[PDB]
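Before anything else, here's the structure in question.
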Amino acid sequence: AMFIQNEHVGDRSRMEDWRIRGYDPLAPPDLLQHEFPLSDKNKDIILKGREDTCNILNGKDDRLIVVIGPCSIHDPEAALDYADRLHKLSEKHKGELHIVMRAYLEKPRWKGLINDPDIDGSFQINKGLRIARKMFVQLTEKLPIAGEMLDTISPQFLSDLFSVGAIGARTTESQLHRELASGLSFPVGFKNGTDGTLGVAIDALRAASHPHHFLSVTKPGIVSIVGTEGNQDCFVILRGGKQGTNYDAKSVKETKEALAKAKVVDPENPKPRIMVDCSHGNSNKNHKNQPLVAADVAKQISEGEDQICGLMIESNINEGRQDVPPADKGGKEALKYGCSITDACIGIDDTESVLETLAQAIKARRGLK
Amino acid sequence: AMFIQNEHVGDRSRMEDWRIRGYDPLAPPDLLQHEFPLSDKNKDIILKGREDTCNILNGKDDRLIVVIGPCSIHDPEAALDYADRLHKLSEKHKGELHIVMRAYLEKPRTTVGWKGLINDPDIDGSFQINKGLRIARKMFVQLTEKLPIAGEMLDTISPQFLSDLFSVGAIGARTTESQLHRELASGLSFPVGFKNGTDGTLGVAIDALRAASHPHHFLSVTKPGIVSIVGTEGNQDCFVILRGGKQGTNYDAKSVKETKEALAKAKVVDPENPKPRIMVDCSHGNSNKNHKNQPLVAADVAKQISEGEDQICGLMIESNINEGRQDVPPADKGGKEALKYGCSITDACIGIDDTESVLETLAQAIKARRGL
Amino acid sequence: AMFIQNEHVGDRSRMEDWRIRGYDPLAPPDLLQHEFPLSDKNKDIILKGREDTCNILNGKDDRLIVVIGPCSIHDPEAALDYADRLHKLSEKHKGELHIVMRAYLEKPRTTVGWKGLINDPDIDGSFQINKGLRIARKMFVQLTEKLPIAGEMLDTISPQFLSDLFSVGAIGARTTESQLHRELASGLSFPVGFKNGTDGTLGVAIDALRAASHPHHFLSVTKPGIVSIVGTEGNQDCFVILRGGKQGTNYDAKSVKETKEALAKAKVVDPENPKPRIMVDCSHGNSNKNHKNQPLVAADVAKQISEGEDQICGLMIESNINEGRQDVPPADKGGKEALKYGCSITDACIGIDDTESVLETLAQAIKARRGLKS
Amino acid sequence: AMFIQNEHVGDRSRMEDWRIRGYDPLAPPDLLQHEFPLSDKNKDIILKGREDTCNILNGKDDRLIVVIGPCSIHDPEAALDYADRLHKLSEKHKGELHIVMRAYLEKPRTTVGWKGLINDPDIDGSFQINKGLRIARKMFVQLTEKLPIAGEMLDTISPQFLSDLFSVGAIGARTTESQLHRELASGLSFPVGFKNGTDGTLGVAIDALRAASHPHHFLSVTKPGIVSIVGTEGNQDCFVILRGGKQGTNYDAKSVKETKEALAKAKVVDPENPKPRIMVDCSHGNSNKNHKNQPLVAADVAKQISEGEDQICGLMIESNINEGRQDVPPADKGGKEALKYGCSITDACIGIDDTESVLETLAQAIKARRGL
């Protein structure tokens, strides 16, 4: 099965390896970046994506950050098509919305594109990293992209490509992910806990703003001690949870106050640091509810809310979701094009609509002054 | 300063490194294990510690696992003393208790404070990770010439340096949900415990158990110190740890009953042939952050065991030579050197007197449950 | 440009890097071997090639080892064509000759010129070592589905990428004295030959032979791509290569007699049970760098074999599809695309016609020596 | 028995590893450099050592380079004693001589014997390369707090651990022809010397000089300990070493004249405005392996210098505290502990008395050549 096979797997008399099947070799990040380098067009778009995100997060730009795209990418061809459509929507709304495409590769729980690119229970991580990076180089010739850092190694292969990132709810409390965020070159968002408490996300924001010293993988692929500077461009993501939804004006108000009390936002000159996820907890795992969540946020914006920095929306070419058929009944090749195999997404129609609603809300808020 | 310095730190026009100060070189796990190898005495004790833990967790042995020891070890000499005292108690109660010394190096803190033996072996606020790993591994090799030890996995890299020494382990509460630590547990050589959620719910710990029981493929650091893709087999020797939470303490018979039912519904324990997979943490949330409550919590578990409880596999207790805790003096007033011997600098622990009493209580409970 | 560029190149106030331009990333050997694995056909051919070489080197097989092929391979397509031709000759003469194709990738450049397939696969003065390793390994996996192959170890790292593929190897004359190459030889899985020194001395090759037979401990690159301390077992399957030198040619019966005596005196081959440990290079110094002389050198060795010489284990011959050599045209007037197919761009080789002839001569010499048993 | 042991050693059915016993982990150069860093004192001395060597090799400074010191260092304390004595001599003659201490760790041996400080620091036939590299680097850091040092490059990896410390270097005679060592020299930060061939001819050294002056691209070990492709700039600060050979000794005025002409013909030295690129080794072949001959060779070179010779850039002399040499006693007779202090265990050296005399002669020769 595996390249280097542990001949001693399952021998419990051994001291440390008998639950290791074996190992597969990995291209070092240096190597993968050499094979798939960035052009100047990549650099311009990625750097512009980071600057535009920071300017909103610092209250210098009155647009809204919109992280929007598939729950997870299983089909690079469909993702590039989607990027072409979103790019056009982006040019229409660039006066009001800073659109960043959601380029997530994995759903925590199918392990995702990097872990299992062939979607067949074979694990071809090295190939998956290649497929992932090449697609990201193609995506960022069109528009900036957003990522989820679920692990701490794979950012070494891909982190030059992101203009904004997020820590998964299941790892907001993880010291590993807070240290990771303190050394990334782009703003990072921290989701409230799965039980809906905001504390862990506020804690993560503060931890990530400080320098750290910690063990980590480096670009040649060896483990070293890293020193980070601290990342002050981070924000929280309201994403629902066991206590119910938290996109409403009352939850936003409690969140604004928590940020002030924690001394993260000056209440007299406030920076916007609240992103609302329209999906996941906040939609009750029903994609038809995402436009309703977005509209509620849009209404708060139109009425003068100035600390919501943006929204996250799970969106695809076609709405809904699908399971992967058995290889018996067609396998991966029998999947519908442009349709998520993880969380259900809104289709391209609701997407055009939701984007239009948000842009009007930004226009409405300008009228208020 | 740092060894390799990013001359470009803070230059935002750069694509990926401007929040990296630099790097310090790290001895690979291979190097450290070579300098501090295991003797055959080490291997015998560690393996026996693992075999005994599994036998209890598989319902093949009716003794109780007692993971007991300092909150965090800041003083390797005091820990070796404590280890000798605990070994004697271990010989006395070996008929009823499987004693495993708690060998934790750090108390996770979201706020400031001592980062632990690995990060700051000098207890002076410096970062000397290479030294700390040497100190830690050497101490563990000395400890496991006496008795088995239990470890806490807070990250996924430092286990590569130390995991050959543990007879049982636990994931920190703050990463029970983390896929990384669930993958880690699936490849370890010994049973791993997962703590209940901050809200007192078992779901995240049930999820972790099931995730850990399956094989995984993931990026990982290897003993030569390079990154590879590793494949694990899955770990079916894992268990849950009741440690309280916002709903209060959960060591009581009623909380244990709900926990048994939750495990059965999640199809983790057949309720008709039940394997004991509940470990009760007697400290932290379950003691109201008051060490004098730890013997009471233990007594309550002992009462349940004595009356026939057969799904509690063991207890965790924070125990030291002298009870309580102490702050580290300001270097103004003597620094680390002015510390009292054998007293925690993190969570308050029960002293050796309370420890002997607690162990006798639990042993009597196991004897009591046999008479039924 | 280079991938990681030393921003401080030429800053003589610095302690250690100011003559380093930079670095390019390298696939670790494990990675390259994972992408280009050996089939069972590869293994059977490679292993049989090693078994047959040893059996001749231990005097258990009365055939002749013939290492024959291009001086250096610059064109993988031509090398596969050549290998197909050489395979047929191998079936013809397998009763008498153990034919192993010469799969060398470069001619060491004391001054200037093409650095070889690994160092410069595009033959254009660009350096593309990572690509060169891929091309090299792929070609070897293709070659050894046809016939066993022989290599030259010029450096100590690139064997980590390729050494599972060779059935016999040789150390360059300019490094027979190198402790590095002697330690290297002690850990290889196949017989290794040591060439006599550039000044015509046999001592340095004899010294290397004994050094290579002992276990060693030394710094080395390993398959994951990190440097470790390796311990070897020692290689007792090594031999010397007579290749001419400043003292003139040394393929004649007189030099062969001197070499047998030196080997016996050095306690390298027991004079009472003598094993064949002499390989004659028909090119380089022994042909006066004139490819037309190689068949004459081979015939002279053949005569010695036919008259009963029993310590020559084989011959080395530089052979290509078409004889001679050619320079690389200026990119101005064509570049590599204007090279003659199947013609060396390093040392001049004999063509395919002379090759069939030389092989027939050597095979008859083995037949002749069998008749002396009467 | 080795750290990682090949379970399949000697299985000839395997494709590539059956002549490998196993592996031992190695501290990477980064780690070793972190533990034993250079102070500013080190840097000033090492850099001044390089700048003075270059100035002489470029004919901007009319002193003589004297690389002088033990054949090999087996005892770091005695070497530090020697360096302090030589430092005093260096201050006395700094007007005429640029003194660089010879800091060699091994005597190359095809034959059996002590493998040197790095391979066998304990001088007991064991292999403890990690320990040896630590001892070696720490000593070099101590030596270069006193005076610049000269090294010999026998392999291409261990220079990664030590090359920040040398102010001048040399390729071993057995690898002057080696492409690997020519590439190495093109990337080093200090002048490098190439010895004439065993047969007394200059060809291999001339070729090596020209190859080293050009940029190269090659596989190499890097400071983090991984293998990469390195690109070098070329080293035009290299020179040749006359060291005898089968044609006899080659330190005499006739041999120097032939060497001058060969360098000019090879277009390595401007024949009209000559830069000095000839270093005369007073030991080894040129002394008939008899240390008492070294001062005579030196006096002969001094005679040439005083009479106007301007293309000899320096001398190498094997010098120790006490003259001669000694074998390492067997373990039943005492072992390394029974060694005489300050006495070579490899090549015989001249002692401290001959050393002072030789240096005074050479300085007078430089003074003489100025009076001219």
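Mean residue ellipticity at 222 nm from the helices of chain D, using -39,500 (n - 2.57) per DSSP H segment of n ≥ 4 over the full residue count, to the nearest 500 deg cm²/dmol?
Helix contribution divided over all residues of chain D: -10500 deg cm²/dmol.
Where does helix B:294-306 land angle-wise versus the long Cα axis of chain B, in degrees 0 to 90, nearest 10?
40 degrees
So in chain A, what percent of DSSP beta bridges are antiparallel if you round to the nearest 5?
Of all bridge pairs located within chain A, approximately 20 percent are antiparallel.
What does the charge add up to near residue D:293, with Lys and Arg as +1, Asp and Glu as -1, over the other residues with Cβ less than 14 Å from its Cβ?
Net charge in that neighbourhood comes out at -4.
Still on this structure, please answer the following. Just tell me how shielded D:178-191 is by partners: mean number of partner chain Cβ atoms within 10 Å of each residue's Cβ, no decimals.
4
Next question. With 26 Å as the limit, write out which pairs from B:267/B:289; D:48/D:115; A:111/A:336; A:94/A:369 have Cα-Cα distances beyond it, or answer none.
B:267/B:289; D:48/D:115, as the Cα separations exceed 26 Å there.
Tell me, what is the FRET efficiency for residue A:242 and residue B:43 to the nearest 0.05, using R0 = 45 angstrom and their Cβ-Cβ distance as r?
Once rounded, the FRET efficiency stands at 0.50.
Something else now. Rounded to whole Hz and in sequence order, give me ³J(HN,Hα) for region C:169-180 from the Karplus expression 6.51 cos²θ - 1.76 cosθ + 1.60, θ = phi - 60°, writing x for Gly and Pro.
x, 9, 8, x, 4, 5, 9, 4, 7, 6, 4, 4
How about region C:282-374: which trypsin sites (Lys or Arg not before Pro) there are in a DSSP loop, with at most 16 other Cβ atoms within 10 Å of their Cβ?
Counting only loop positions with at most 16 other Cβ atoms within 10 Å, the trypsin sites (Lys or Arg not before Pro) in region C:282-374 are C:289, C:340, C:373.
Over the Cα atoms of region B:222-290, what radius of gyration and what Dmax do you get, in Å?
Using the Cα atoms of region B:222-290, the pair Rg, Dmax is 16.9, 48 Å.
OK, next. Starting from the eigenvalues of the Cα gyration tensor, five times each then square-rooted, give me the equivalent ellipsoid semi-axes of the protein assembly as shown, largest first, whole Å.
63, 39, 35
Region D:204-306: which trypsin sites (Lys or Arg not before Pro) are DSSP loop and have at most 10 other beta-carbon atoms within 10 angstrom?
D:267
While we're here: Which Rg and Dmax, in Å, describe the Cα atoms of chain D?
20.8, 75
I would also like to ask the following. Among residues other than residue C:133 whose Cβ falls under 15 Å from its Cβ, what is the net charge (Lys/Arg +1, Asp/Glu -1)?
So the surrounding residues net to -3.
Here is a further query. Rounded to two decimals, what is the ratio between the C-alpha radius of gyration of chain C and 2.2 N^0.38 Å?
1.00
Need one word for region A:55-177: rounded, prolate or oblate. Basis is the Cα gyration tensor (sqrt eigenvalues a ≥ b ≥ c); a/c below 1.5 gives rounded, then a/b vs b/c decides.
It comes out oblate by the Cα gyration axes.
What is the magnitude of the charge dipole of chain B about its Cα centre, with +1 placed on the Cβ of each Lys and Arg, -1 on the Cβ of each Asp and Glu, and no other charges, expressed in debye to the nearest 20?
440 debye
Hey, another quick one. Against the longest principal axis of chain D, how steep is helix D:129-143, in degrees 0 to 90 to the nearest 10, with axes from Cα atoms?
Long axis of D:129-143 versus the principal axis of chain D: about 30 degrees.
Hey, what's the Kirkwood Rh for region D:1-70 if you take every pair of different alpha carbons, in angstrom?
This gives a value of 17.2 Å.
Another question about this same structure. Take every residue in peptide C:195-202, count the Cβ atoms of other chains within 10 Å of its Cβ, and give the average of those counts.
Taking the mean over all residues of the peptide, I get 3.
Where the centre of each part is set by its Cα atoms, how far does region A:101-164 sit from region A:322-369, in angstrom?
A separation of 19 Å, based on Cα centres.
Still on this structure, please answer the following. Measure nothing but the geometry: give the 0 to 90° angle between the long axis through the Cα atoms of C:294-306 and the longest principal axis through the Cα atoms of chain C, rounded to 10°.
For helix C:294-306, the angle is close to 40 degrees.
Right, something else. Within region D:266-372, list the GluC sites (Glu not before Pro) lying in a DSSP loop whose Cβ has at most 16 other Cβ atoms in a 10 Å radius.
D:272, D:307
Once a ≥ b ≥ c are taken as the square roots of the eigenvalues of the Cα gyration tensor of region D:57-124, is the result rounded (a/c under 1.5), prolate (a/b larger than b/c) or oblate (a/b not larger than b/c)?
oblate
Based solely on its DSSP helices, what 222 nm [θ] is calculated for chain A when runs of n ≥ 4 H residues each add -39,500 (n - 2.57) and the sum is averaged over all residues, nearest 500 deg cm²/dmol?
-11000 deg cm²/dmol
By the gyration tensor of its Cα atoms, with a ≥ b ≥ c the square roots of the eigenvalues, what is the shape of region C:210-318: rounded for a/c under 1.5, prolate for a/b over b/c, or oblate?
Oblate.
Now a separate question. What list of whole percents do you get for P(r) of region D:101-246, with Cα-Cα distances grouped in 10 Å bins up to the one holding the largest distance?
11, 38, 37, 14, 0
Quick one: what Rg and Dmax do you get for region C:256-374 from the alpha carbons, in Å?
18.4, 65
Hey, what's the Cα Rg ratio for region C:1-74 versus the globular rule of thumb, 2.2 N^0.38 Å?
Against the empirical 2.2 N^0.38 Å value, I get 2.01 for region C:1-74.
Cβ under 13 Å from residue D:72's Cβ, residue D:72 left aside: what net charge do those residues give with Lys, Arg +1 and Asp, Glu -1?
Spelling it out: positives minus negatives among the neighbours equals -1.
Separate question: Compute the relative contact order of chain B as a whole-number percentage, counting only Cα pairs closer than 8 Å that sit 6 or more residues apart in sequence.
In percent, rounded to a whole number, it is 16.
No lab work stands behind these numbers, since they all come straight from the coordinates. Counting neighbours? That spans all protein chains shown, and the Cβs are built from the backbone with ideal geometry, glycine included.
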